[PDB]
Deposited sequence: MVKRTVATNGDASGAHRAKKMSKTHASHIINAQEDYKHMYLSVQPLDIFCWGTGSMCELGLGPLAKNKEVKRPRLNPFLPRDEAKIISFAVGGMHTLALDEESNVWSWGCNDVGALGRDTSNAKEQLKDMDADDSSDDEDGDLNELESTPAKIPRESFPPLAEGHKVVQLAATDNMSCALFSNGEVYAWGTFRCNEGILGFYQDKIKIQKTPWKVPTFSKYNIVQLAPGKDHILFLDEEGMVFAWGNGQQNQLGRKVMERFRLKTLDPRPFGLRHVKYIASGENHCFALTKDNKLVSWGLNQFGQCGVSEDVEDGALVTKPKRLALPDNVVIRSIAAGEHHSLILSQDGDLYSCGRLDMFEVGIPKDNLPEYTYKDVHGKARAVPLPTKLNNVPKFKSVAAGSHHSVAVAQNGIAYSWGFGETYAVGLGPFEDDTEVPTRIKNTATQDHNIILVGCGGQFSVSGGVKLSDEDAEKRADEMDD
């Protein structure tokens, strides 16, 4: 009677249009997969250690478990260490905070031993301060500079507080409209795409979107912002702005120098290069400033995994486990012994080696899986899960014990608190350090002890 009478069935999930990066490519670097025991060491003269107000806890020379961040109930998953303060989010996406709050970098109220109990003890930032949390979103990365904090959300929104500091006094927080931001604040969108990664410095912070564009925000006296700022239009242009850096997969920043990894596996750096920390030129008397991004000459088989840098040194961690360092030698930041100094080390007018201005692979060291760098000290965990710190040690930031001499070579951190632990995340500040990890099973610690101390 009545008569009854192409489109794809399968479909791979790939990148869409101009998108180079996805947030999932980054959160494995920052957010731990399981709650961590938090360990702090160094000097907490400015409440950095987060171990309480008692003066006994102001100076800790070996990694000490932080009871204010218990693994069972606080459940700290990630943490970002600034210069005098740190942030940390838990398993329910609540950011913690402890450190110096002279410029509101802690995002919480402080008013009403020697240390301030509110500053020297970690506590949560009010959840109501983050509207995205109430809208069903999570924090995928935290960042902390010297005087400014920042939180990246899973929807691409960015919240930040604190200030940036110029060399003279206080520069400002955002575009002449606000001097100091005490509470978490919504950074207005500055890109058609969502931000995927943060890279904090001393008084600046970088951004990176899915498109691959890099943005800069903060102080730019040392050309950290990838451009130049005149005195007149300084506050008017103080906001996350690009600078001709496109097609970038990964960003990382020292205190006044930055790095960016492009899609074609090309690593460029810019900013301040006082001690060759950018690793771009062999002559250190030549350029104190790298205005235009300059490519680093790493070996061919190298695939960059992470990049950590401090004030005058940089550490490039490869996927094969090798660690490449470049920068200042005056406090053994690069971790290269005096007998293994390469040909291109810089001797000053007095004849003393001052820096290594090119990326140099460390030798006689274990394979590393992560690395962090403070102002003049560094921490890198090996493949088994043991930390190796080196550099400036007069503040016990290397956590190697009661001695004040600098350490020339990455040496093992060994104390009862950390020996049975596999540490996952490590951060470093000005004169302290923070590590987080999980305790191994009694048999997993049995084998590793047989591997090392035999």
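No C-alpha positions are given for the deposited-sequence stretches 1, 7-15, 123-140.
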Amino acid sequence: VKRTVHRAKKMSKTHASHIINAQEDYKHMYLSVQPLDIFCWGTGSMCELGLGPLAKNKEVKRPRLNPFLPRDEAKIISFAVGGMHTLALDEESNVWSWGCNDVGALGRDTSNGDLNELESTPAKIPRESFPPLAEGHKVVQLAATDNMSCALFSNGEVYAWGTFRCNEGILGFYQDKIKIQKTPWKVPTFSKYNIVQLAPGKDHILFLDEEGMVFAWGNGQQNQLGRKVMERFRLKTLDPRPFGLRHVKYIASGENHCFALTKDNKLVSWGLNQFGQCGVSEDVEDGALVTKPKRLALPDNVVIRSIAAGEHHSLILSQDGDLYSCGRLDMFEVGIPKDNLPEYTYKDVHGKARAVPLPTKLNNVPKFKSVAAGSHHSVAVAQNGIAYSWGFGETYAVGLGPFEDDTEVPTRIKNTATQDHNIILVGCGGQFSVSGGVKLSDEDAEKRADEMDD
From here on, numbers count along this sequence of modelled residues.
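Comparing the deposited coordinates for 432-440 and 11-19, the stretch with the larger average C-alpha B-factor is 11-19. Stretch comparison (284-292 versus 337-345) by mean CA B-factor in the PDB entry places 284-292 on top. Per the PDB entry, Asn112 shows the highest C-alpha temperature factor of the residues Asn112, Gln383, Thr262, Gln224. The top Cα temperature factor in the record, among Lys361, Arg328, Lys367, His137, falls on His137.
Sorting the modelled residues of the chain by their CA temperature factor places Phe275 in the lowest third. Annotation for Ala55: CA B-factor lies in the highest third of the chain's modelled residues.
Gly427: CA B factor in the lowest third of modelled residues in this chain (values from the PDB entry). Compared with the other modelled residues of the chain, the Cα B-factor recorded for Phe153 ranks in the middle third. Ranked against the other modelled residues of its chain, the C-alpha B-factor of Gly107 as given in the entry falls in the middle third.
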